[PDB]
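Enquirer: My structure is below; once you've seen it, I'll send some questions.
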2 protein chains.
Amino acid sequence: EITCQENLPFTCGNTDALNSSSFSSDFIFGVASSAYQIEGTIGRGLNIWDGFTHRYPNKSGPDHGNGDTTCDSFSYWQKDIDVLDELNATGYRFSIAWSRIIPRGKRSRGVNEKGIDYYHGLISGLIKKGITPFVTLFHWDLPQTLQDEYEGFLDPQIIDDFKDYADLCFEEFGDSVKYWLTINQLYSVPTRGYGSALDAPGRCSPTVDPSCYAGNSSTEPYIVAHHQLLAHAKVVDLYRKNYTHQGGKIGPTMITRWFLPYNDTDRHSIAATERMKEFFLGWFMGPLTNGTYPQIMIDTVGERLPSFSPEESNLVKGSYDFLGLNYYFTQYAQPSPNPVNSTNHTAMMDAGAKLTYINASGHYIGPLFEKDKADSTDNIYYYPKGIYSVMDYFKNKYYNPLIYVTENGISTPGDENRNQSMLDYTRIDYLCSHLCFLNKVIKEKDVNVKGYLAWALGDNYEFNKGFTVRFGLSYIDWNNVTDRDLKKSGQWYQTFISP
Amino acid sequence: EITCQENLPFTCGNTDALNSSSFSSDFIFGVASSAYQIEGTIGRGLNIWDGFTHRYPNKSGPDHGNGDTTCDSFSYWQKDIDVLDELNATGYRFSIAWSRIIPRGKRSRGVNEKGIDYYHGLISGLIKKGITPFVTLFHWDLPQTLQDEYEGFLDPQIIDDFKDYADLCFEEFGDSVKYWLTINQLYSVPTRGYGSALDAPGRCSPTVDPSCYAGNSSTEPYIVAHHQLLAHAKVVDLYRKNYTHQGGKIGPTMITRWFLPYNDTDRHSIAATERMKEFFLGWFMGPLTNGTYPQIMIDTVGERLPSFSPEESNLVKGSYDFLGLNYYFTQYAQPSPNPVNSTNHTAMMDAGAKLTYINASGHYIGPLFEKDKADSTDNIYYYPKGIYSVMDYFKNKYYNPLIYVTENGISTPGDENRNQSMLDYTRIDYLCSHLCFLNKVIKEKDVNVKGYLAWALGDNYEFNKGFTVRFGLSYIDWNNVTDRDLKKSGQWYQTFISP
Ligand SMILES: *[C@@H]1O[C@H](CO)[C@@H](O[C@@H]2O[C@H](CO)[C@@H](O)[C@H](O)[C@H]2NC(C)=O)[C@H](O)[C@H]1NC(C)=O
Ligand SMILES: *[C@@H]1O[C@H](CO)[C@@H](O[C@@H]2O[C@H](CO)[C@@H](O)[C@H](O)[C@H]2NC(C)=O)[C@H](O)[C@H]1NC(C)=O
Ligand SMILES: *[C@@H]1O[C@H](CO)[C@@H](O)[C@H](O)[C@H]1NC(C)=O
Ligand SMILES: *[C@@H]1O[C@H](CO)[C@@H](O)[C@H](O)[C@H]1NC(C)=O
Ligand SMILES: *[C@@H]1O[C@H](CO)[C@@H](O)[C@H](O)[C@H]1NC(C)=O
Ligand SMILES: *[C@@H]1O[C@H](CO)[C@@H](O)[C@H](O)[C@H]1NC(C)=O
Ligand SMILES: *[C@@H]1O[C@H](CO)[C@@H](O)[C@H](O)[C@H]1NC(C)=O
Ligand SMILES: *[C@@H]1O[C@H](CO)[C@@H](O)[C@H](O)[C@H]1NC(C)=O
Ligand SMILES: [Zn+2]
């Protein structure tokens with residue numbers, strides 16, 4: 001019988017008690033990255049994260065940081081491989097920058113051979129060290145040209161441009177890459193990119209944020225989400241019809257959270273909690289498992305919710321071999337009004353829920369996850385049991401899928417000096433406590449989880465935060481980015497992997 | 001009788017001997033800037049100078065600098081006005097960033113109202129201080145979307161997108177702006193952007209520079225130059241047909257140089273010198289004055305030189321009310337082979353000339369202009385008489401045009417400390433020696449020159465050089481960009497203007 005801790009102090013950093021041998025022999029352990037966050041702009045065209053961070057520097061991070069140079073994995077990809085080799089990792093998730101291989105967006109405009117060569121060399125280097133690549137086609141970095149031609153995922157033109165990009169990736173890299181992710185965190189671009197305008201491309205209703213160049217936060221999230229699902233599904237169909245000889249697997253990436261009632265004896269909070277599951281997870285998992293959006297979304301969102309045709313429904317339903325599930329934290333849910341006629345209405349209001357990290361009796365859900373220095377009542381707290389609850393829910397609700405945990409990690413402040421930054425015991429605690437619950441759910445609930453990739457390989461540009469936080473298991477000096485030095489967490493993870 | 005110095009030491013920094021009163025009462029004196037170089041990316045979309053500097057950081061400058069934040073004239077435009085007011089300047093040349101007012105490139109995709117407001121406030125502030133705006137529509141910063149959709153000026157689609165952009169500018173700003181420049185330095189994008197790939201977008205033949213993503217240095221410069229002329233001419237026709245009520249004037253910007261024979265008794269060097277005038281100046285001025293390219297270009301370039309239809313010829317011929325002439329330096333010319341079958345052939349080779357700053361007897365043409373620390377035999381030297389020779393030539397060869405000198409200036413090294421940087425006596429010498437010759441040519445040759453704008457108002461991002469050189473008449477601290485402090489040159493220029 002497995003017992004796992006939910007509160008500080010944690011004792012799962014002892015590899016005598018928790019290590020890779022606790023999991024099945026074939027289980028993959030590694031780390032993750034994304035292209036905007038690590039590569040730099042050298043050698044690629046411009047994408048909407050370049051555009052957004054440059055047009056709206058205060059939205060890029062408090063330091064106005066961006067991905068222009070970052071950790072320079074364009075130059076230092078071998079050093080990334082070296083970290084993975086030091087870890088004895090068996091997996092690495094990275095993304096392909098669309099703008100590096102097709103700078104002009106549309107494949108018929110030509111490819112960048114040198115960009116293709118960059119990923120060939122990375123892939124070959126990984127495989128030579130026994131590391132399985134997990135490759136994200138689209139980690140938010142849409143070529144700027146496509147956003148300017150037709151507003152990107154706002155328009156159905158995205159589907160064929162994404163398909164042709166993906167086809168090039170399968171053609172060039174699929175002989176070696178056997179695990180593909182289509183779109184990173186399906187929920188995020190619709191809501192943050194087109195709802196709150198916290199993320200690229202930065203569209204919203206005028207009264208939500210007067211700096212947005214255009215948008216409608218009530219309608220566009222739904223349009224974009226719908227196009228994401230269709231573009232994803234078209235790529236999965238292309239993969240499974242035209243690249244079956246490659247013997248690989250493909251799936252989407254979800255951001256997952258668990259949700260608990262703010263007041264577990266209040267029917268209204270219980271209802272809000274179940275609505276959140278539907279609106280947060282079901283928005284995408286309903287289509288992916290059934291070809292339809294959840295009924296509560298149909299009912300609430302009404303004419304703002306697009307319909308799938310019968311052909312589209314069939315294309316989207318079942319459009320995965322596995323799910324990449326990202327998991328960071330859990331929220332309490334309580335009811336909230338949905339003012340659909342307000343000029344500041346957002347899609348996110350349609351769930352009719354307010355989310356907190358403290359429940360009605362004043363209980364904080366778990367240890368600190370992210371401090372918010374401008375408003376401490378907005379601090380985020382984590383909840384290790386949430387990974388158990390999410391995986392159990394996916395198994396039970398969503399037809400026992402094959403799952404890889406494609407991100408899980410925690411930040412430390414960029415204000416810490418290097419010695420403090422390397423002494424990242426809070427990261428060991430977060431990672432181990434989640435791994436304990438992941439082992440527990442696999443054993444107790446028989447969830448088909450076959451790997452775990454911690455966020456992040458190394459310090460990088462963090463969307464929305466610049467270089468003001470660090471997520472890496474290895475440390476990068478922003479004054480001299482060449483080295484990636486394993487932190488205490490990376491050293492712990494090395495021991496966990498090879499105990 | 002006016003006597004002007006050609007060699008150090010110069011004594012024209014004495015405003016007792018040379019000042020604004022030496023020129024006609026109406027003559028405009030000011031300074032110049034461009035949008036990529038000064039504004040920053042905040043509040044605008046991405047353009048090909050963002051793309052180029054980010055994809056090819058070693059081509060942005062030795063420091064890998066770029067226009068992301070620069071002097072932040074987005075925030076500090078009032079401080080630019082303040083410099084101009086301190087100078088008692090009567091003119092200011094600035095550019096509109098296309099990506100700030102139409103981030104999606106094509107006008108039908110929507111405009112950025114806040115971008116429009118930015119230029120309205122600048123323009124209104126200038127006029128309130130008695131400063132005449134000279135506004136460049138296109139200072140190289142093409143929206144990235146257009147380059148990615150159709151490769152920008154490589155394709156005739158540029159013409160209508162440029163026209164619709166210009167129409168928006170005339171509509172929004174032409175009630176106040178009475179001097180418009182279409183395209184900055186017509187020669188530069190074809191040759192550097194599409195020939196040598198030193199400049200955005202960075203296209204060339206594969207053996208010219210293997211880093212180029214695509215291109216053909218032998219053909220594309222000509223295509224791009226042809227489209228520039230057509231796009232320019234379509235905008236001038238639009239202006240003069242639809243905006244005549246505004247009572248303003250429009251013209252192109254030329255980069256001018258003079259050319260002297262490397263050996264003034266050698267017929268081959270004399271011939272190369274005359275070819276250079278045709279290939280450098282006539283490439284554009286032939287079309288602008290006659291609707292045809294120079295015969296030597298027709299003959300040499302052959303099938304690589306596009307033809308104008310009779311309608312196009314008529315549109316381009318006479319498509320200016322004035323010329324903005326930029327002038328920095330003069331070169332000696334000697335013959336050079338034109339290897340049209342070589343895989344590394346460039347359009348620039350078609351002139352059949354090699355350019356130097358030292359003549360056959362070892363004479364350097366004038367004082368140092370720009371030191372090249374990697375190769376000192378590649379140092380640039382200036383030649384004050386060249387402004388006289390250029391203006392005389394334009395009057396005689398090109399039908400006595402109205403001229404404004406739209407740039408003239410010199411750099412100092414970014415390695416200098418602030419006190420050295422503010423003690424910019426080399427800049428006084430360059431500016432005064434050229435102003436002396438400009439007065440001389442107006443008086444002696446009756447060239448219709450009606451203003452002079454020195455490059456640059458303040459230190460900025462220099463194309464190709466990052467922040468490794470400074471051109472400003474006012475100093476900017478890159479650690480805190482708010483202030484623009486007049487250098488010795490700016491203080492001199494203040495006295496020259498109001499002696
Ligand atoms: C807030 O969360 C706390 C902690 O989960 C809940 O308190 C638990 O309540 C259960 C059922 O009453 C008790 O058996 C436990 O002993 C309590 N745990 C502790 C740490 O107090 C609490 O019920 C939640 N409040 C609401 C209103 O939902
Ligand atoms: C190189 O440039 C120098 C300077 O312009 C030329 O020298 C001048 O030559 C003229 C005509 O012979 C003489 O009257 C001057 O006195 C010379 N000036 C000085 C400073 O020497 C020289 O002829 C040029 N060489 C060539 C080969 O063209
Ligand atoms: C940040 O930038 C936007 C312009 O993009 C401006 O609207 C907003 O006021 C600025 N935010 C703060 C908090 O200053
Ligand atoms: C607009 O929304 C903000 C945040 O969503 C809220 O605090 C404010 O009350 C809203 N105003 C109206 C008019 O509803
Ligand atoms: C930068 O870091 C690398 C790796 O430690 C080191 O070899 C190189 O000398 C350092 N550069 C400077 C300028 O210190
Ligand atoms: C600069 O960058 C390009 C890649 O864009 C590379 O081809 C070239 O070798 C580098 N130049 C030098 C001098 O290192
Ligand atoms: C290619 O050109 C470079 C510079 O243009 C020159 O130095 C070299 O000799 C040329 N090679 C051939 C094959 O002509
Ligand atoms: C930056 O420069 C401005 C103008 O001199 C000054 O007022 C401001 O205090 C300076 N900022 C810092 C942080 O020194
Ligand atoms: Zn940047």
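Each chain in the structure tokens gets a letter, A, B, ..., in the order shown, and its residues are numbered from 1; ligands are numbered from 1 in order too.
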I want to know what sits within 7 Å of range 226-228 of chain B, based on only C-alpha atoms, with residues of the same chain fewer than 3 positions away left out; could you give that as JSON, numbers by chain?
Expert: {"B": [153, 156, 222, 223, 231, 232, 306]}
Enquirer: Please give me, as a PyMOL selection string, the residues lying within 10 Å of ligand 6 when counting only C-alpha atoms and all ligand atoms.
Expert: (chain A and resi 41-44+75+114) or (chain B and resi 52-59+62+209-213)
Enquirer: Only N, CA and C atoms, please: the residues just picked out, written as a CSV table (one decimal), in the first residue's frame.
Expert:
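Writing done, so here's result_5.csv:
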chain,number,residue,atom,x,y,z
A,41,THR,N,15.9,33.6,-31.9
A,41,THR,CA,15.4,33.9,-33.2
A,41,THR,C,16.4,33.6,-34.3
A,42,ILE,N,17.7,33.5,-34.0
A,42,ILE,CA,18.7,33.2,-35.0
A,42,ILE,C,18.2,32.1,-35.9
A,43,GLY,N,18.3,32.3,-37.2
A,43,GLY,CA,18.0,31.2,-38.1
A,43,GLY,C,16.6,30.9,-38.4
A,44,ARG,N,15.6,31.7,-37.8
A,44,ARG,CA,14.2,31.4,-38.1
A,44,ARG,C,13.5,32.7,-38.5
A,75,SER,N,22.4,27.4,-30.7
A,75,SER,CA,23.8,27.1,-30.7
A,75,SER,C,24.1,26.0,-29.8
A,114,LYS,N,18.2,24.7,-43.7
A,114,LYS,CA,19.1,24.7,-42.5
A,114,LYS,C,18.3,24.5,-41.3
B,52,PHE,N,14.6,39.9,-39.6
B,52,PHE,CA,16.0,39.7,-40.0
B,52,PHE,C,17.0,39.8,-38.8
B,53,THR,N,16.8,40.7,-37.9
B,53,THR,CA,17.7,40.8,-36.8
B,53,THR,C,17.6,39.7,-35.8
B,54,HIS,N,16.4,39.1,-35.8
B,54,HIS,CA,16.2,38.0,-34.9
B,54,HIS,C,16.6,36.6,-35.5
B,55,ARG,N,16.4,36.5,-36.8
B,55,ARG,CA,16.8,35.2,-37.4
B,55,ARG,C,18.3,35.2,-37.7
B,56,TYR,N,18.9,36.3,-37.9
B,56,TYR,CA,20.3,36.5,-38.3
B,56,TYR,C,21.0,37.4,-37.4
B,57,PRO,N,21.1,37.1,-36.1
B,57,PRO,CA,21.6,38.1,-35.1
B,57,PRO,C,22.9,38.6,-35.5
B,58,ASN,N,23.8,37.8,-36.1
B,58,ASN,CA,25.1,38.4,-36.4
B,58,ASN,C,25.1,39.4,-37.5
B,59,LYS,N,24.0,39.5,-38.3
B,59,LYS,CA,23.8,40.5,-39.3
B,59,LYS,C,23.2,41.8,-38.7
B,62,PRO,N,27.4,43.8,-34.6
B,62,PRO,CA,28.4,43.0,-33.9
B,62,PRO,C,28.0,42.7,-32.5
B,209,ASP,N,26.0,33.9,-49.9
B,209,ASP,CA,26.0,33.8,-48.4
B,209,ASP,C,25.1,32.6,-48.1
B,210,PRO,N,25.7,31.5,-47.7
B,210,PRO,CA,25.0,30.3,-47.4
B,210,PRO,C,23.9,30.4,-46.4
B,211,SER,N,23.9,31.5,-45.6
B,211,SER,CA,22.9,31.7,-44.5
B,211,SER,C,21.6,32.2,-45.2
B,212,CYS,N,21.6,32.8,-46.3
B,212,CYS,CA,20.3,33.3,-46.9
B,212,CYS,C,19.3,32.2,-47.0
B,213,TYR,N,18.0,32.5,-46.7
B,213,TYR,CA,17.0,31.5,-46.8
B,213,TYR,C,16.6,31.2,-48.2
Enquirer: Please extract the residues at most 10 Å from ligand 8, counting only C-alpha atoms and all ligand atoms, and provide them as a PyMOL selection string, using the chain letters and residue numbers of this document.
Expert: chain B and resi 476-477+479-485
Enquirer: If you keep C-alpha atoms, can you produce a file of those selected residues as a compact mmCIF listing (two decimals), in the first residue's frame?
Expert:
# COMPACT_ATOMS: atom_id res chain seq x y z
CA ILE B 476 21.29 58.54 -25.37
CA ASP B 477 22.40 56.38 -22.48
CA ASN B 479 21.16 52.00 -19.62
CA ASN B 480 18.46 54.70 -19.30
CA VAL B 481 17.12 55.93 -22.58
CA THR B 482 14.79 58.70 -21.41
CA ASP B 483 17.06 61.69 -21.98
CA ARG B 484 18.45 62.97 -25.24
CA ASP B 485 21.30 65.30 -24.37
Enquirer: Quick one: DSSP strand (DSSP E) residues in range 188-282 of chain A, as a VMD selection string?
Expert: chain A and resid 249 to 251 253 to 261
Enquirer: Quick one: write out the picked residues with C-alpha atoms as a PDB file, in the first residue's frame?
Expert:
ATOM      1  CA  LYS A 249       1.854   7.670 -32.172  1.00  0.00           C
ATOM      2  CA  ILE A 250       0.288  11.103 -32.091  1.00  0.00           C
ATOM      3  CA  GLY A 251      -1.863  13.061 -29.705  1.00  0.00           C
ATOM      4  CA  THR A 253      -1.574  18.159 -25.308  1.00  0.00           C
ATOM      5  CA  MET A 254      -4.070  19.150 -22.660  1.00  0.00           C
ATOM      6  CA  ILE A 255      -3.484  21.444 -19.751  1.00  0.00           C
ATOM      7  CA  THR A 256      -5.146  19.626 -16.887  1.00  0.00           C
ATOM      8  CA  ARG A 257      -6.159  20.858 -13.482  1.00  0.00           C
ATOM      9  CA  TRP A 258      -8.255  19.220 -10.845  1.00  0.00           C
ATOM     10  CA  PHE A 259     -11.166  21.095  -9.318  1.00  0.00           C
ATOM     11  CA  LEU A 260     -12.567  20.768  -5.834  1.00  0.00           C
ATOM     12  CA  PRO A 261     -15.562  22.543  -4.346  1.00  0.00           C
TER      13      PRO A 261
END
Enquirer: Got a sec to tell me which of range 269-454 of chain B DSSP assigns to alpha helix (DSSP H), as a PyMOL selection string?
Expert: chain B and resi 269-276+283-290+295-301+310-316+385-397+418-422+425-445
Enquirer: If you keep C-alpha atoms, can you produce a file of those selected residues as a CSV table (one decimal), in the first residue's frame?
Expert:
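The resulting file, result.csv, is shown below:
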chain,number,residue,atom,x,y,z
B,269,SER,CA,38.8,54.2,-64.8
B,270,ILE,CA,37.0,57.3,-66.2
B,271,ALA,CA,34.5,54.9,-68.0
B,272,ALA,CA,33.9,52.9,-64.8
B,273,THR,CA,33.2,56.2,-63.0
B,274,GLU,CA,30.6,57.2,-65.5
B,275,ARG,CA,29.1,53.7,-65.4
B,276,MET,CA,28.8,54.0,-61.6
B,283,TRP,CA,19.0,53.0,-62.1
B,284,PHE,CA,16.3,55.1,-60.4
B,285,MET,CA,16.7,58.6,-61.8
B,286,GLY,CA,16.5,57.4,-65.4
B,287,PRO,CA,13.0,55.9,-64.7
B,288,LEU,CA,12.0,58.9,-62.5
B,289,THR,CA,13.0,61.5,-65.2
B,290,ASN,CA,12.5,59.5,-68.4
B,295,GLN,CA,21.1,52.5,-71.8
B,296,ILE,CA,24.2,51.1,-70.2
B,297,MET,CA,22.0,49.1,-67.8
B,298,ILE,CA,19.8,48.0,-70.6
B,299,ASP,CA,22.8,46.7,-72.5
B,300,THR,CA,24.7,45.2,-69.7
B,301,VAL,CA,21.9,43.6,-67.6
B,310,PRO,CA,4.1,52.2,-71.9
B,311,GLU,CA,1.5,52.8,-69.0
B,312,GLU,CA,4.1,52.0,-66.4
B,313,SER,CA,6.7,54.3,-68.0
B,314,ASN,CA,4.3,57.1,-68.0
B,315,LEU,CA,3.3,56.5,-64.4
B,316,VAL,CA,7.0,56.5,-63.2
B,385,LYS,CA,33.0,68.5,-52.1
B,386,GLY,CA,30.9,65.5,-53.0
B,387,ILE,CA,27.7,67.2,-51.9
B,388,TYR,CA,28.5,70.1,-54.3
B,389,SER,CA,29.2,67.6,-57.1
B,390,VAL,CA,26.1,65.6,-56.5
B,391,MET,CA,23.8,68.6,-56.3
B,392,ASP,CA,25.3,70.1,-59.5
B,393,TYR,CA,24.9,66.8,-61.2
B,394,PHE,CA,21.3,66.5,-60.3
B,395,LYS,CA,20.5,70.0,-61.5
B,396,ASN,CA,22.3,69.4,-64.8
B,397,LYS,CA,21.4,65.8,-65.6
B,418,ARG,CA,30.0,59.3,-22.5
B,419,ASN,CA,32.4,62.2,-22.2
B,420,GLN,CA,34.2,61.2,-25.4
B,421,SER,CA,30.9,60.6,-27.1
B,422,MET,CA,29.6,64.1,-26.1
B,425,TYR,CA,34.1,67.5,-32.7
B,426,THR,CA,34.5,65.1,-35.6
B,427,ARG,CA,30.7,65.4,-36.2
B,428,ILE,CA,30.9,69.2,-36.2
B,429,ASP,CA,33.6,69.0,-38.8
B,430,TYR,CA,31.7,66.6,-41.0
B,431,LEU,CA,28.4,68.6,-40.8
B,432,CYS,CA,29.9,72.0,-41.2
B,433,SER,CA,32.2,71.1,-44.1
B,434,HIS,CA,29.2,69.6,-46.0
B,435,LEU,CA,27.0,72.6,-45.2
B,436,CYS,CA,29.7,74.9,-46.5
B,437,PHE,CA,29.8,73.1,-49.8
B,438,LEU,CA,26.0,73.0,-49.9
B,439,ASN,CA,25.8,76.8,-49.5
B,440,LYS,CA,28.5,77.1,-52.2
B,441,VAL,CA,26.6,74.9,-54.7
B,442,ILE,CA,23.3,76.7,-54.1
B,443,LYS,CA,25.0,80.1,-54.7
B,444,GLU,CA,27.3,79.1,-57.6
B,445,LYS,CA,25.2,76.6,-59.5
Enquirer: Within 8 Å of ligand 7, which residues of chain B come that close, and what is the closest atom pair and distance in Å for each? Count only C-alpha atoms and all ligand atoms and give it as a tab-separated table.
Expert:
residue	atom	partner	partner_atom_place_in_ligand_line	distance
B:207	CA	ligand 7	1 (C)	7.8
B:208	CA	ligand 7	2 (O)	7.3
B:339	CA	ligand 7	14 (O)	7.5
B:342	CA	ligand 7	14 (O)	5.9
B:343	CA	ligand 7	13 (C)	7.4
B:344	CA	ligand 7	1 (C)	5.2
B:345	CA	ligand 7	5 (O)	7.2
Enquirer: Quick one: write out the picked residues with C-alpha atoms as a compact mmCIF listing (two decimals), in the first residue's frame?
Expert:
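Output contents, as saved in out_17.txt:
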# COMPACT_ATOMS: atom_id res chain seq x y z
CA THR B 207 27.17 30.90 -52.80
CA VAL B 208 27.03 34.59 -51.94
CA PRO B 339 31.29 37.49 -64.25
CA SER B 342 29.57 32.85 -61.86
CA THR B 343 27.26 31.31 -59.23
CA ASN B 344 28.28 34.22 -56.95
CA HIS B 345 27.36 36.89 -59.47
Enquirer: Considering only C-alpha atoms and all ligand atoms, can you say which of A:325, A:197, A:159, A:449 comes closest to ligand 3?
Expert: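 The closest residue to ligand 3 is A:197.
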Enquirer: When you look at residue 183 in chain B with a cut-off of 8 Å (counting only C-alpha atoms), what residues show up, excluding the ones that are within fewer than 2 positions of it in the same chain? I need them as a list in words.
Expert: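 Counting only the stated atoms, we get residues 136, 137, 138, 139, 140, 181, 185, 186, 228, 232, 252 and 253 of chain B.
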Enquirer: Show me, as a VMD selection string, the residues that have an atom within 12 Å of range 355-359 of chain A when counting only C-alpha atoms, minus same-chain residues fewer than 5 positions from it.
Expert: chain A and resid 257 to 266 269 272 to 273 275 to 276 280 329 to 336 348 to 349 364 to 370 376 to 383
Enquirer: Those selected residues, please, written with N, CA and C atoms and delivered as a short mmCIF file (atom, residue, chain, number, x, y, z; two decimals), in the first residue's frame.
Expert:
data_model
loop_
_atom_site.label_atom_id
_atom_site.label_comp_id
_atom_site.auth_asym_id
_atom_site.auth_seq_id
_atom_site.Cartn_x
_atom_site.Cartn_y
_atom_site.Cartn_z
N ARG A 257 -6.07 20.45 -14.86
CA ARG A 257 -6.16 20.86 -13.48
C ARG A 257 -7.18 19.91 -12.87
N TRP A 258 -7.08 19.73 -11.55
CA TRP A 258 -8.25 19.22 -10.85
C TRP A 258 -9.04 20.40 -10.31
N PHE A 259 -10.29 20.11 -9.93
CA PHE A 259 -11.17 21.10 -9.32
C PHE A 259 -11.85 20.46 -8.16
N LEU A 260 -11.90 21.20 -7.07
CA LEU A 260 -12.57 20.77 -5.83
C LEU A 260 -13.57 21.86 -5.48
N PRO A 261 -14.63 21.51 -4.74
CA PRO A 261 -15.56 22.54 -4.35
C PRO A 261 -14.94 23.45 -3.30
N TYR A 262 -15.13 24.78 -3.51
CA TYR A 262 -14.81 25.76 -2.50
C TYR A 262 -15.51 25.49 -1.20
N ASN A 263 -16.73 24.96 -1.29
CA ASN A 263 -17.47 24.52 -0.12
C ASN A 263 -18.10 23.18 -0.46
N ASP A 264 -17.54 22.11 0.15
CA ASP A 264 -17.92 20.74 -0.26
C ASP A 264 -19.20 20.28 0.32
N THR A 265 -19.94 21.13 1.04
CA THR A 265 -21.30 20.81 1.42
C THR A 265 -22.29 21.75 0.79
N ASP A 266 -21.86 22.59 -0.12
CA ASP A 266 -22.72 23.57 -0.77
C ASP A 266 -23.01 23.11 -2.17
N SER A 269 -21.52 25.29 -5.01
CA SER A 269 -20.09 25.12 -5.25
C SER A 269 -19.78 23.77 -5.88
N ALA A 272 -20.58 24.19 -9.49
CA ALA A 272 -19.56 24.98 -10.20
C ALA A 272 -18.32 24.15 -10.47
N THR A 273 -17.98 23.25 -9.56
CA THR A 273 -16.81 22.38 -9.69
C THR A 273 -17.01 21.44 -10.86
N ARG A 275 -19.08 21.99 -13.41
CA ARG A 275 -19.05 22.81 -14.61
C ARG A 275 -17.61 23.07 -15.01
N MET A 276 -16.73 23.35 -14.05
CA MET A 276 -15.36 23.61 -14.42
C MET A 276 -14.73 22.40 -15.11
N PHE A 280 -13.32 23.25 -18.71
CA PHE A 280 -11.88 23.30 -18.78
C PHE A 280 -11.34 22.10 -19.51
N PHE A 329 -1.47 22.28 -11.17
CA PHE A 329 -2.18 22.61 -9.95
C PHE A 329 -3.66 22.38 -10.08
N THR A 330 -4.33 22.56 -8.93
CA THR A 330 -5.76 22.36 -8.73
C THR A 330 -6.38 23.61 -8.11
N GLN A 331 -7.66 23.84 -8.43
CA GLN A 331 -8.36 24.99 -7.91
C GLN A 331 -9.64 24.60 -7.21
N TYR A 332 -10.03 25.42 -6.23
CA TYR A 332 -11.37 25.36 -5.68
C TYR A 332 -12.31 26.18 -6.56
N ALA A 333 -13.53 25.71 -6.72
CA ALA A 333 -14.52 26.38 -7.52
C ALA A 333 -15.73 26.75 -6.72
N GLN A 334 -16.23 27.97 -6.94
CA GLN A 334 -17.45 28.47 -6.34
C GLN A 334 -18.25 29.13 -7.46
N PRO A 335 -19.57 29.34 -7.24
CA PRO A 335 -20.34 29.94 -8.31
C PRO A 335 -19.94 31.38 -8.57
N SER A 336 -20.16 31.80 -9.80
CA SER A 336 -19.94 33.19 -10.20
C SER A 336 -20.95 33.50 -11.31
N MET A 348 -14.36 32.79 -20.63
CA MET A 348 -14.02 32.14 -19.37
C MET A 348 -15.12 32.33 -18.35
N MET A 349 -15.94 33.34 -18.47
CA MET A 349 -17.06 33.55 -17.56
C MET A 349 -18.19 32.54 -17.78
N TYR A 364 -5.84 26.59 2.72
CA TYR A 364 -5.06 26.69 1.46
C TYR A 364 -4.83 25.25 1.02
N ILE A 365 -4.98 25.05 -0.30
CA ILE A 365 -5.01 23.69 -0.86
C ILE A 365 -3.73 22.93 -0.69
N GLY A 366 -2.58 23.61 -0.60
CA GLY A 366 -1.32 22.92 -0.48
C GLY A 366 -0.21 23.97 -0.40
N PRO A 367 1.02 23.51 -0.61
CA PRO A 367 2.18 24.42 -0.52
C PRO A 367 2.17 25.44 -1.60
N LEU A 368 2.99 26.50 -1.35
CA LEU A 368 3.12 27.57 -2.35
C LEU A 368 3.66 27.06 -3.66
N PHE A 369 3.00 27.47 -4.73
CA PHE A 369 3.41 27.21 -6.12
C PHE A 369 4.04 28.39 -6.78
N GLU A 370 3.40 29.57 -6.64
CA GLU A 370 3.93 30.78 -7.32
C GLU A 370 3.48 31.94 -6.45
N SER A 376 -0.53 39.34 -3.15
CA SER A 376 -0.34 38.06 -2.47
C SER A 376 -1.59 37.26 -2.28
N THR A 377 -2.76 37.94 -2.34
CA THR A 377 -4.00 37.09 -2.26
C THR A 377 -4.15 36.31 -3.57
N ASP A 378 -3.35 36.56 -4.60
CA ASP A 378 -3.38 35.90 -5.89
C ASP A 378 -2.25 34.85 -6.03
N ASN A 379 -1.54 34.57 -4.98
CA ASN A 379 -0.57 33.48 -4.97
C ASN A 379 -1.22 32.17 -5.39
N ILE A 380 -0.48 31.34 -6.09
CA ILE A 380 -0.92 30.02 -6.49
C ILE A 380 -0.33 29.00 -5.54
N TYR A 381 -1.09 27.97 -5.19
CA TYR A 381 -0.67 26.88 -4.32
C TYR A 381 -0.91 25.57 -5.08
N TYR A 382 -0.10 24.55 -4.78
CA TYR A 382 -0.21 23.27 -5.49
C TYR A 382 -0.85 22.25 -4.61
N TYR A 383 -1.06 21.06 -5.22
CA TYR A 383 -1.92 20.05 -4.62
C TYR A 383 -1.48 18.69 -5.23
#
